[PDB]
Amino acid sequence: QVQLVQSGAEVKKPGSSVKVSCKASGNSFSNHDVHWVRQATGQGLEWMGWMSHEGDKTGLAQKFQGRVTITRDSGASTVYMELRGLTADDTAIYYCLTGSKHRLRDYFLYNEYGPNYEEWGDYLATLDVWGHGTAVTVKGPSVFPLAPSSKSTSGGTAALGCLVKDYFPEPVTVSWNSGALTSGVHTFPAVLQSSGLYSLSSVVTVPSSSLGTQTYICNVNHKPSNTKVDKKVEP
Amino acid sequence: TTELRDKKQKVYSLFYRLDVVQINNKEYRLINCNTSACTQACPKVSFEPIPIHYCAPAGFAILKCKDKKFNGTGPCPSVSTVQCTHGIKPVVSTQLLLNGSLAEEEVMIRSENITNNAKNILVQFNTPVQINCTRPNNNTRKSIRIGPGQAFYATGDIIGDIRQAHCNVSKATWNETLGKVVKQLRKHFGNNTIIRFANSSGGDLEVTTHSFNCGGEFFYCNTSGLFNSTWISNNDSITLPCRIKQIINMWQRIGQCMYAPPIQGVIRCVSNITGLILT
Amino acid sequence: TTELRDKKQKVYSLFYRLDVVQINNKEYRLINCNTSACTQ
Amino acid sequence: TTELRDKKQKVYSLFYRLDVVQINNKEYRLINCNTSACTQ
Amino acid sequence: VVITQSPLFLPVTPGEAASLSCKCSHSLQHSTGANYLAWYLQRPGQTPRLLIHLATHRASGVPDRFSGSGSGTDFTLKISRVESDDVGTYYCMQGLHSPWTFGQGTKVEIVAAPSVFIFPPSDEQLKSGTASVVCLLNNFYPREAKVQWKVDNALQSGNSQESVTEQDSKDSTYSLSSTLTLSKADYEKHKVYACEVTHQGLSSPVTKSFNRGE
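Residues numbered from 1 in each chain as written, not as in the entry; some residues may be left out. Chains lettered and ligands numbered in written order. Part of a larger assembly, values for the part shown. Heavy atoms only, no water. Residues with missing side-chain atoms left out of burial classes, pairs and counts.

This entry, as listed in the PDB, derives from cryo-EM and reports a resolution of 6.8 Å.

Counting secondary structure elements, chain A contains zero helices and 22 strands. For chain A, the C-alpha atoms occupy an extent of roughly 95 × 35 × 30 Å along the three principal directions. (Helix = DSSP H or I, 4+ residues; strand = E, 2+ residues; numbered from the N terminus.)

Before going further, it helps to spend a moment on the overall build of chain E. Within chain E, the regular secondary structure consists of two helices and 19 strands. For chain E, whose C-alpha radius of gyration is 24 Å, the value lies well above the compact-globule estimate of 17 Å for 214 residues. (Rg over C-alpha atoms; globule rule 2.2 N^0.38 Å.)

For the rest of this paragraph, the subject is the domain arrangement of chain A. Entries for chain A in the domain assignment read domain 1 (1-138) and domain 2 (139-234). Domain 1 of chain A and domain 2 of chain A are separated by 41 Å when their C-alpha centres are compared. (Domains from an automatic or database assignment.)

A word on the domain arrangement of chain E. Taken as a whole, chain E is organised into domain 1 (1-110) and domain 2 (111-214). The gap between the C-alpha centroids of domain 1 of chain E and domain 2 of chain E is 39 Å.

Further remarks concern the interface of chain E and chain A. Taken together, the 14 residues of chain E in the interface contact 17 residues of chain A. Counting only elements with at least two residues in the side of chain E that touches chain A, the list comes to β5 (49-53), β12 (115-119) and β16 (160-164) of chain E. Sort the elements by how many residues they give to the side of chain E that touches chain A and β12 of chain E lands first, with three residues. Broken down by class, the residue content of the side of chain E that touches chain A amounts to eight nonpolar, six polar and no charged. (Contact = heavy atoms within 4.5 Å. Nonpolar A, V, L, I, M, F, W, Y, C, P; charged D, E, K, R; others polar.)

With that out of the way, let us pick up the sheet that holds strand β17 (residues 174-183) of chain E. Strand pairing within a sheet occurs via backbone hydrogen bonds; the two strands may be parallel or antiparallel. Residue and element names in this part refer to chain E. Read across the open sheet, the four strands follow the order β12-β13-β17-β16; overall the sheet is antiparallel. Across the chains shown, the open sheet's two edge strands, defined by having one partner strand only, are β12 and β16. Between one strand and the next, the sheet's axes are offset by a mean angle of 15 degrees, whatever the strand orientation. Relative to β17, strand β13 (residues 130-140) runs antiparallel, the two being bridged by nine bridges. By the bridge assignment, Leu137 is partnered in β17 with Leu176. (Pairing = 2+ DSSP bridges. Axes fitted to C-alpha atoms, helices over the stretch in contact; angles between N-to-C directions.)

Next up on the list: the arrangement of the chains. Taken together, the two pairs of chains in contact show their highest number of contacts between chains A and E. For the non-touching pair chain A and chain C, the nearest C-alpha separation works out to 9 Å. Where chain B comes nearest to chain D, the C-alpha atoms are still 9 Å apart, and the two do not contact one another.

Residue and element names in this part refer to chain E. Bridge analysis of strand β4 (residues 37-42) against strand β9 (residues 88-94) gives six bridges, and the strand direction is antiparallel. In the sheet register, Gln42 faces β9, and the bridge partner there is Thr89. In the sheet, β9 pairs with strand β11 (residues 106-109) via three bridges, with the strands oriented antiparallel. Across the sheet, residue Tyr90 finds its bridge partner in β11, namely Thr106. Bridge count between β9 and strand β10 (residues 101-102): two bridges; the pairing is antiparallel. Along β10, the bridge assignment pairs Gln94 with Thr101. Linking β9 back to β10 in an antiparallel pair, the connection comprises six residues.

Glancing now at unusual backbone geometry. In this chain, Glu170 of chain A is followed by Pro171 of chain A through a cis amide linkage whose omega measures 5 degrees. Structurally, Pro171 of chain A can be placed in the loop between β16 (157-167) and β17 (173-176). A cis amide bond links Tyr141 of chain E with the next residue in sequence, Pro142 of chain E, at an omega value of 5 degrees. Inspection of the secondary structure assignment puts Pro142 of chain E in the loop between β13 and β14 (145-151). A positive phi angle is found at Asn177 of chain A, which is not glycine, with a value near 45 degrees. As for its position among the elements, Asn177 of chain A is in the loop between β17 and β18 (185-187).

Right, let's get into the sheet that holds strand β21 (residues 217-222) of chain A. All names here are of chain A. Judged by pairing direction, the sheet is antiparallel, and its three strands sit side by side in the order β17-β21-β22 without closing on themselves. In this open sheet, the two strands that pair with only one neighbour each are β17 and β22 (227-232). Adjacent strand axes in the sheet meet at a mean angle of 15 degrees when their direction is disregarded. Where β17 and β21 come together, four bridges link them in antiparallel fashion. What sits directly across from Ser175, in β21, is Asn219.

Shown next as structure tokens:
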């Protein structure tokens, strides 16, 4: 159970470059191949490149040809992946990970006048340990009440919420009544608006009965801007 | 590798642990490869000793004493001469002399210097001492085509009476002859001395055990079973444990080797101990 | 194989079907190689 | 390639520039190899 | 070298079997006989877990209800007795041809009409010159739903955005919110604001509306 540690989240301008680093407990990149895989929100896994733990082989995906450098310090203590010419398409979580290989011999022809001619070839076997990833992203929100009304109430239940409008960048977190209210909460994924700012809403269904007596406060946290908002939602 | 210079072929073969050595299942190595190259003896050629006669060119004479007595050097009352020598079989062996000529009268003791212990002592018998040696292994020869063209004879499988090869000696005969030898010894050391026999001082396997030929196969026998006795002041049969080796060094010529091909079927050579090589 | 004992090169040549035999485009073999070496 | 006809070994040695010639650090060649086999 | 996974989306009744296809344009069999194909499950919020390696071998600790088969170009992952822990995206990955590549994934998941709620813009937001109206579709299944915003019955387009939650683990439903955004000026030129909703569970579309002011 090797543990991989990755460098922290970064925000980068379109056109710049990121260099992500990774360490493995017990200096395991000496003995186990490193891979890089990325994944954009809601999208598939994309293999980026690798280096053999022998340090005698590197390879990249076609898409990263000319874009990416994979390197390691001496003694393989830290591994690095540099991606240049960033665009919004490169906004993703970047994973460091390991895997095994079966270096099988394909071509071979024995020679009866000395050594033979060998041509080894590395073939990926498995992907073992995944790092936690590094989020690379290529204004604090306004918080408005979604007030419970007759237009949000039926059958003894009312809906109410908070609209978390116009923030950048991701992420934002929302709780209700300091975490005390969790049942019937739906906090929706953010949407990216034309302006380049995000918005989301959080709603909760509660007994209509309780509107006169129970207080509802949504707690909104946007760490990037150090914005912390508590908004009371009234009928 | 086979004839097809491209892909190899996983094969197997048997090898005595006297031929191979551990590197560093486990990894092993042909012992010769640390000293020199090794050549396979042709399967057609044999090693059977053949009687050879020697002749001198005109102007030179072959002189031959017929004196039954001889100290190893000195005047011979009865001298004859011959065209050529009698047929002598080139029997290469150590310690125990095989298929030689017999002595007349009594057992003969010959040495460059009896008083010096650094010299050897030659002992020639009067009566052939039978020795019968056996290798009870009806083994096969899984020959492998390690060309291109040239073929190698590997060791197939070993089946039959899985017993260690050994030699059979008539014990009473040995005791009797040994005694006759001791009589001689008495005659050059005194009528009040004690004679003890023991094995060699160990060291190299070739000088330690008994090396002799036997139908292409090379035997190494523990002659402790023979040379273990004593004499004072004034069946039965013996089994001698033997070992087999495919890689050996002849005449002690370092820098070279020779691989004898295995022989199919049971082997059972026969010889007669005619002399000894004591020290 | 060539003189450059490190990298090889692909070549071609013509041979009569009386000289070569099918193994087992297709694979063929110089007929002599099953009997003995050959000298130029 | 040492005696162990299987695995090679990295070694080094000194050679006069009168003995060797550049091919095409840099790559060099024993001058004799373009003319014949050198026997020691 | 291309990989196609099939189906793209697979709903499975709890306890029933599932069968996933991964096909490659080129054989994944090495000349030694091994097929370098692997299957991975990625659950929501997690890094991928290896299920099957070398086409047919379960990975360590993988329950025996997962099994892989296939050779050459066509490969299968069978899951017997599917449960909520098996929900997520399944990726195959070829390891024979450099550069190595993941498939695009098969999404695996386990009628309810939405309850529809509408929220006028807050007085505080209006103060700042913008009006967002929010429609909530709550606890519906299947995931396909359509929201159409009307303003004085005029169809709106290009001024709204929607977001859907992940499947609720307890009731197996989805919820969706849609937000219509207008300037204060446009918002104050109209009276009826309406969210019209279409879903498999509704025999005819449902409209939630309010009148600006009251």
